[PDB]
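Each remark here refers to the structure printed beneath this line.
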Amino acid sequence: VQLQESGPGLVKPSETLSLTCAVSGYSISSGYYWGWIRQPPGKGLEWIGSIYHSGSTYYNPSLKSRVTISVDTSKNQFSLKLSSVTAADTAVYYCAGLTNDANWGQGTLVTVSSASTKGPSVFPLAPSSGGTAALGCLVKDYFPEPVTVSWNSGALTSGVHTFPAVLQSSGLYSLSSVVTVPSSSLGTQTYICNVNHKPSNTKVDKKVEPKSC
Amino acid sequence: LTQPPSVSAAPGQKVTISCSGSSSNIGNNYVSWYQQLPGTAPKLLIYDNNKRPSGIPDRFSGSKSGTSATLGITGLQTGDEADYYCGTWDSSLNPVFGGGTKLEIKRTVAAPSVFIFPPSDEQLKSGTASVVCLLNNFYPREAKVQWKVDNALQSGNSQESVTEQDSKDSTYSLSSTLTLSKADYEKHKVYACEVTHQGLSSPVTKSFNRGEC
């Protein structure tokens, strides 16, 4: 059983947020209830609404006039529409459902903002200078969040740190991702950072090579 | 539903996390508990006050007494660091959640390893210079980074961010970025990051001279 949210990462103020929850490995018609919960960055969980197998819906009263939850049995998915959004609706949105233990999706960040999508530039943090070397990638000047960074297509996970992005005074985010590796590897082992800014459909594979000093 | 912002203890010890509610939520209804490891969805630990779903180990337990409920975690290990949430139903039988408690594992002190990265030539060509100072795998979280450019203390033109405790060694890492324009970067030679941390007998400075790499 897998739940996966999908929907735009950026919505403009006053417009309608639409999200979908694709259900795999389980027939959407068989589920006892399906629902949505959201989590503003840095904050706690807020229930949005649920729908039961019968079609009956229940919504958070503080959101009720703006929420629609529905199910499409044929697409095997269910949906959330939230009208008239403001910055207050910026959050990670989770779909969940009970088939004792609800399945949760992985969540999708929706940012409500009048700023526009902008893809990142990817710059190397080249190794240089205790038998260990640090290297990384600087993922700069993108909007909205998030970006994901892997190393060597997922083969390199030990010693990786991908930092929280910072919101620059420019209104754009920047993020660094680093890894520490044996100094003796730098001549022979290729290090590539795999960057993926889904809001802008920007994917970059950047080789990080030792500088000449 | 109120819970404390944080709780901490050493590996192998026990913590409790309490959820204080009212007669009309916890007082009338079942209580669930959730673990939210950073970047993942909440995961159910306890339901119906005290029941563990399949695959949750008996290090976790729950109970309810009057208008409060408590999660216990024994045998604390690296990788238990997470936000823990209680959930129940309100007077309308709609889900409500506590604000979250962040668990910190109190490991031994570890001084950071420090690395400094000049801007890449690629970024410089585009008109900006990001200088990055990395503080790797330290404990506890308190750390101070001071930037100096030809011995001029930099105030207000840097931003930093810190990872969550590491799932293998319970340390933090921190990345600080100093931003200058290209024209300003080319006006100076010596770029230095000085790091203060309880694990260091005196502050550590990493520096480079512009143009040596």
Quiz item: By DSSP, what percent of the beta bridges with both residues in the stretch A:2-112 are antiparallel, rounded to the nearest 5?
Solution: 95 percent
Practice problem: Measure off 7 Å from each Cα along the Cα-to-Cβ vector at A:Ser54 and B:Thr67, then give the distance between these two points in nanometres to one decimal. | Solution: 3.2 nm
Quiz prompt | Simple spin-label estimate for A:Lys198 and A:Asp101 in nanometres, 7 Å along Cα-Cβ | solution = 2.5 nm
Quiz item: Taking the Cβ-Cβ separation of B:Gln77 and B:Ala183 as r and a Förster radius of 41 Å, what is the calculated FRET efficiency to the nearest 0.05?
Solution: 0.20
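Determine the shielding of peptide A:73-81 by partner chains: average, over its residues, the number of Cβ atoms on other chains within 10 angstrom of each Cβ.
Taking all residues of A:73-81 together, the mean is 0.
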Quiz item: Where Rh is the Kirkwood radius over the Cα pairs of the stretch A:121-208, the temperature 25 °C and the viscosity 0.890 mPa s, what D in µm²/s does Stokes-Einstein return?
Solution: 183 µm²/s
Practice problem: Starting from the coordinates of the alpha-carbon atoms of the stretch A:1-78, obtain the Kirkwood hydrodynamic radius over all distinct pairs and give the value in Å to one decimal. | Solution: 13.7 Å
Exercise. Using the number of other C-beta atoms within 10 angstrom as an exposure proxy, rank B:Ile105, B:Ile56 with the fewest first.
Key: B:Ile56, B:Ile105
Quiz item: What is the Cα coordinate range of chain A on the first, second and third principal axes, sorted by size from largest, in whole angstrom?
Solution: 68, 38, 28
Quiz item: Using 0.36 nm per residue, how much length does the chain from A:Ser70 to A:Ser14 gain when fully extended, once their Cα-Cα distance is taken away?
Solution: 18.0 nm
Quiz item: From Cα coordinates alone, what are the radius of gyration and Dmax values for the stretch B:113-209 in angstrom?
Solution: 14.0, 43
Self-check item: Selection of GluC sites (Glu not before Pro), the stretch A:1-94, meeting DSSP coil and at most 14 other Cβ within 10 Å
Solution: A:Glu15
Exercise. Below 29 Å Cα-Cα, how many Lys pairs turn up in the stretch B:113-209? Only count pairs eight or more apart in sequence, or on different chains, if you could.
Key: 18
Quiz item: Out of the stretch B:83-182, which GluC sites (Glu not before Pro) are coil in DSSP terms and have no more than 10 other C-beta atoms within 10 Å?
Solution: B:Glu142
Quiz item: What does the charge add up to near B:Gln165, with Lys and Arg as +1, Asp and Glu as -1, over the other residues with Cβ less than 14 Å from its Cβ?
Solution: -3
Quiz item: What would the Debye formula give as log10 I(q)/I(0) at q = 0.06 Å⁻¹ for the alpha-carbon point model of the protein assembly as shown, no solvent?
Solution: -0.30
Quiz prompt | Fewest-first ranking of B:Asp166, B:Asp58, using other Cβ atoms within 10 Å as the exposure measure | solution = B:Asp58, B:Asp166
Practice problem: Evaluate E = 1/(1 + (r/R0)^6) for B:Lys51 and B:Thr108, where r is the Cβ-Cβ distance and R0 equals 30 Å; express this FRET efficiency to the nearest 0.05. | Solution: 0.25
Self-check item: Those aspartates and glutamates that a straight Cα-Cα span of less than 17 Å connects to B:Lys14, excepting residues fewer than 8 apart in one chain
Solution: B:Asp58, B:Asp80, B:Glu81, B:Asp83, B:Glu104
Quiz item: Rounded to the nearest 5, what is the percent of antiparallel bridges among the DSSP beta bridges in chain B?
Solution: 95 percent
Quiz prompt | Overall Cα dimensions of the stretch B:1-120 - principal axes, largest extent first, Å | solution = 58, 34, 25
Exercise. Ratio to report: Rg/Rh of chain B, with Cα atoms as the point set and Rh obtained by the Kirkwood method; give two decimals.
Key: 1.15
Exercise. State, to one decimal in nm, how far the label point of B:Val190 lies from the label point of A:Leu63, with both points 7 Å from Cα in the Cβ direction.
Key: 5.6 nm
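Throughout, read-outs are computed from the coordinates displayed, never taken from laboratory work. Cβ atoms come from the backbone with ideal geometry, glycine included; neighbour counts cover every protein chain shown.
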